[PDB]
Amino acid sequence: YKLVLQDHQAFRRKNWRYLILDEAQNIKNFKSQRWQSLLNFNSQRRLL
DNA sequence: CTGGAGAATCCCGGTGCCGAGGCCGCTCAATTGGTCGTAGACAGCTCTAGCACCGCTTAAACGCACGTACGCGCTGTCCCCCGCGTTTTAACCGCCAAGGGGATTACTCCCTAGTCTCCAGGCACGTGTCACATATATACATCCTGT
């Protein structure tokens, strides 16, 4: 997260098949800049 | 002066993010219509500067000549910033309480301030002198001359 948060420009425009997030508690709230950064990530399937 | 690498740009096509534009709906602020004292414009009148000289005086600008001193280039070499790689660190998070701190809106109200008088005293103007600058008698005062 300390990385994808600010490099989302390169990852957002990608055709991910499975999106996996370990320790999803970092996305506990939608006011933390990660929930937003990771929300619109183009992916087919999502796993928390 | 080329190669020969080697990074750096930099085309160029791609793709969502989000500001730019547009549309809707009221509010308010510019228009309309009309009345009403000024602003200032314009037509004189005055007389103050502004301009235009002219002469005499001489400071000053000026050209020249003539060094010296400062300017520029050169040189040497020697410090202190540049380039770049590593360790450090501060700047971003995210967290976890529970509520206010303060611009913003609004309504009475009421002191303060405009407006508009009439005055009269205090400050622009005319005039009286006094401090500094100016130009001239003067009582000796230094060469010149009869003697």
# chains A, B, ... in the order shown; residues from 1 in each chain; ligands from 1
call {"tool": "select_by_dssp", "arguments": {"residues": "chain A", "states": "alpha helix (DSSP H)", "output": "ChimeraX atom specification"}}
result
/A:8-12,35-39
call {"tool": "closest_atom_pairs", "arguments": {"of": "chain A", "to": "chain B", "cutoff": "9 Å", "atoms": "only C-alpha atoms (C1' of nucleotides)", "output": "CSV"}}
result
residue,atom,partner,partner_atom,distance
A:2,CA,B:93,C1',8.3
A:12,CA,B:16,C1',8.5
A:13,CA,B:15,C1',7.0
A:26,CA,B:94,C1',8.0
A:32,CA,B:94,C1',7.3
A:33,CA,B:93,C1',8.3
call {"tool": "residues_around", "arguments": {"residues": "residue A:35", "least_positions_apart": "5", "cutoff": "12 Å", "atoms": "only C-alpha atoms (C1' of nucleotides)", "output": "list in words"}}
result
residues 1, 4, 5, 21, 24, 25, 26, 27, 28, 29, 30, 40 and 41 of chain A
call {"tool": "write_last_selection", "arguments": {"atoms": "N, CA and C atoms", "output": "PDB file, in the first residue's frame"}}
result
ATOM      1  N   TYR A   1       0.821  -1.207   0.000  1.00  0.00           N
ATOM      2  CA  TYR A   1       0.000   0.000   0.000  1.00  0.00           C
ATOM      3  C   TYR A   1       0.857   1.260   0.000  1.00  0.00           C
ATOM      4  N   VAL A   4       1.558   1.216  -4.019  1.00  0.00           N
ATOM      5  CA  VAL A   4       0.468   1.336  -4.983  1.00  0.00           C
ATOM      6  C   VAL A   4      -0.310   2.627  -4.759  1.00  0.00           C
ATOM      7  N   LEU A   5      -0.215   3.197  -3.554  1.00  0.00           N
ATOM      8  CA  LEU A   5      -0.999   4.386  -3.237  1.00  0.00           C
ATOM      9  C   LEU A   5      -0.645   5.547  -4.157  1.00  0.00           C
ATOM     10  N   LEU A  21      -5.927  -8.552  -1.670  1.00  0.00           N
ATOM     11  CA  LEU A  21      -5.458  -7.600  -0.672  1.00  0.00           C
ATOM     12  C   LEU A  21      -5.274  -8.327   0.654  1.00  0.00           C
ATOM     13  N   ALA A  24      -6.580  -6.607   4.905  1.00  0.00           N
ATOM     14  CA  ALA A  24      -7.473  -5.582   4.380  1.00  0.00           C
ATOM     15  C   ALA A  24      -7.876  -4.548   5.423  1.00  0.00           C
ATOM     16  N   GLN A  25      -7.558  -4.766   6.701  1.00  0.00           N
ATOM     17  CA  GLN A  25      -7.892  -3.785   7.727  1.00  0.00           C
ATOM     18  C   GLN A  25      -7.285  -2.417   7.446  1.00  0.00           C
ATOM     19  N   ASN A  26      -6.243  -2.337   6.614  1.00  0.00           N
ATOM     20  CA  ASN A  26      -5.727  -1.033   6.214  1.00  0.00           C
ATOM     21  C   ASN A  26      -6.741  -0.276   5.368  1.00  0.00           C
ATOM     22  N   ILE A  27      -7.722  -0.982   4.808  1.00  0.00           N
ATOM     23  CA  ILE A  27      -8.783  -0.374   4.017  1.00  0.00           C
ATOM     24  C   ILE A  27     -10.033  -0.287   4.885  1.00  0.00           C
ATOM     25  N   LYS A  28      -9.832  -0.236   6.206  1.00  0.00           N
ATOM     26  CA  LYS A  28     -10.958  -0.245   7.136  1.00  0.00           C
ATOM     27  C   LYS A  28     -11.970   0.845   6.808  1.00  0.00           C
ATOM     28  N   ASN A  29     -11.501   2.064   6.546  1.00  0.00           N
ATOM     29  CA  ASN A  29     -12.376   3.210   6.340  1.00  0.00           C
ATOM     30  C   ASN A  29     -12.220   3.731   4.920  1.00  0.00           C
ATOM     31  N   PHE A  30     -13.266   4.398   4.427  1.00  0.00           N
ATOM     32  CA  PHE A  30     -13.221   4.972   3.088  1.00  0.00           C
ATOM     33  C   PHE A  30     -12.670   6.393   3.085  1.00  0.00           C
ATOM     34  N   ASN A  40     -11.164   1.960  -7.813  1.00  0.00           N
ATOM     35  CA  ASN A  40     -11.394   1.898  -9.250  1.00  0.00           C
ATOM     36  C   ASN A  40     -10.337   1.081  -9.985  1.00  0.00           C
ATOM     37  N   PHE A  41      -9.612   0.212  -9.282  1.00  0.00           N
ATOM     38  CA  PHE A  41      -8.646  -0.667  -9.929  1.00  0.00           C
ATOM     39  C   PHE A  41      -9.357  -1.663 -10.833  1.00  0.00           C
TER      40      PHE A  41
END
call {"tool": "select_by_dssp", "arguments": {"residues": "chain A", "states": "strand (DSSP E or B)", "output": "JSON, numbers by chain"}}
result
{"A": [16, 17, 18, 19, 20, 43, 44, 45, 46, 47]}
call {"tool": "write_last_selection", "arguments": {"atoms": "N, CA and C atoms", "output": "mmCIF file, in the first residue's frame"}}
result
data_model
loop_
_atom_site.group_PDB
_atom_site.id
_atom_site.type_symbol
_atom_site.label_atom_id
_atom_site.label_comp_id
_atom_site.auth_asym_id
_atom_site.auth_seq_id
_atom_site.Cartn_x
_atom_site.Cartn_y
_atom_site.Cartn_z
ATOM 1 N N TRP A 16 -6.200 -6.550 -14.707
ATOM 2 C CA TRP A 16 -5.961 -7.553 -13.680
ATOM 3 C C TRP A 16 -7.099 -8.564 -13.659
ATOM 4 N N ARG A 17 -6.749 -9.835 -13.466
ATOM 5 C CA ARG A 17 -7.764 -10.886 -13.403
ATOM 6 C C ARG A 17 -8.238 -11.091 -11.967
ATOM 7 N N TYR A 18 -7.302 -11.258 -11.038
ATOM 8 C CA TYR A 18 -7.618 -11.456 -9.630
ATOM 9 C C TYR A 18 -6.883 -10.420 -8.790
ATOM 10 N N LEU A 19 -7.639 -9.643 -8.019
ATOM 11 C CA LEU A 19 -7.083 -8.624 -7.137
ATOM 12 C C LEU A 19 -7.157 -9.125 -5.701
ATOM 13 N N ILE A 20 -5.996 -9.295 -5.073
ATOM 14 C CA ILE A 20 -5.891 -9.840 -3.724
ATOM 15 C C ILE A 20 -5.293 -8.772 -2.820
ATOM 16 N N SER A 43 -10.320 -4.730 -12.426
ATOM 17 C CA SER A 43 -10.050 -6.121 -12.104
ATOM 18 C C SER A 43 -11.314 -6.938 -12.326
ATOM 19 N N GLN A 44 -11.123 -8.226 -12.618
ATOM 20 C CA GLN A 44 -12.258 -9.114 -12.846
ATOM 21 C C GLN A 44 -12.797 -9.667 -11.530
ATOM 22 N N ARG A 45 -11.905 -10.089 -10.637
ATOM 23 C CA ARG A 45 -12.283 -10.652 -9.350
ATOM 24 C C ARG A 45 -11.478 -9.987 -8.244
ATOM 25 N N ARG A 46 -12.092 -9.887 -7.068
ATOM 26 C CA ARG A 46 -11.504 -9.212 -5.921
ATOM 27 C C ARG A 46 -11.565 -10.129 -4.708
ATOM 28 N N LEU A 47 -10.485 -10.139 -3.926
ATOM 29 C CA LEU A 47 -10.393 -10.980 -2.738
ATOM 30 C C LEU A 47 -9.748 -10.183 -1.616
#
